[PDB]
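One chain follows as structure tokens, the form deposited in one PDB entry.
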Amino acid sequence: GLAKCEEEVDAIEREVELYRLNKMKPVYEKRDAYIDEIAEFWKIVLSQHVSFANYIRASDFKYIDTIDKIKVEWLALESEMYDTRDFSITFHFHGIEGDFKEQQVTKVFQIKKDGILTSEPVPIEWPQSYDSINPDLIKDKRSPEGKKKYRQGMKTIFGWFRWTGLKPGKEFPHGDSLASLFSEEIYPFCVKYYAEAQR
């Protein structure tokens, strides 16, 4: 009786989350089309954002300034095997010539069991300037200076592309909160942030 009603409620909640996603999809497509015509749109938006700067390092800003595209996509539209909170984030970096490669990178975030957000590492080519803090390059990671170099690079935005949520205290700090920042604020409300930077 009451148990069967409770299952119906969970069925209904997904149905409406799915209803929203399907309706929002074409609207985001149109919106992003306009966005692709505005020059420093994403640069302006990520500088305007209150909380975002706290997550990343100050030297990351020259590289995140080169972001000319952000695209969040909700995976529950792909399959009923995905939680409605599951999403991919696609970044395009224009790059910095002779330092940071022009590249497109997609990171996928999904619930594992309320459950927690997890991800997998995705390849991104680090800036040349970051060579000394590059975890794939640093030779002595246990040497006094090496430990601090490693830790510094793991705290950059490029460290976050390595984040999984499955190694507490070994990864980019609050990689999950940063992800939700994109899916819940930055990507949905970017236009509000751009108009705020306008006024």
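In this text, rigid core is short for the largest set of C-alphas that superpose within 1.5 Å between two forms. Shifts are known only where both forms have a C-alpha. A residue's number is simply how far along the shown sequence it sits, counting from 1.
Peer 1: 26 to 34 versus 157 to 165: which one carries the higher mean Cα B factor per the record?
Peer 2: Looking at the record's C-alpha B-factors, the answer is 26 to 34.
Peer 1: Comparing 103 to 111 with 124 to 132, which stretch shows the greater average C-alpha B-factor in the deposited entry?
Peer 2: Comparing 103 to 111 with 124 to 132, the higher average CA B-factor belongs to 124 to 132.
Peer 1: In terms of the CA temperature factor given in the entry, to which third of its chain does residue 191 belong: lowest, middle or highest?
Peer 2: For residue 191, whose C-alpha B-factor we compare with every modelled residue in the chain, the answer is the highest third.
The next section is about a form of this same protein that is not shown, the form deposited in another entry.
Peer 1: Using a superposition on the rigid core, decide whether the Cα position of residue 12 changes by 2 angstroms or more between the shown form and the other one.
Peer 2: Passes the 2 Å threshold, so yes.
Peer 1: Just the runs, please: which groups of three or more residues in a row shift their CA by 2 Å or more between the shown form and the other one on the core?
Peer 2: The run that moves is 1 to 16, and no other.
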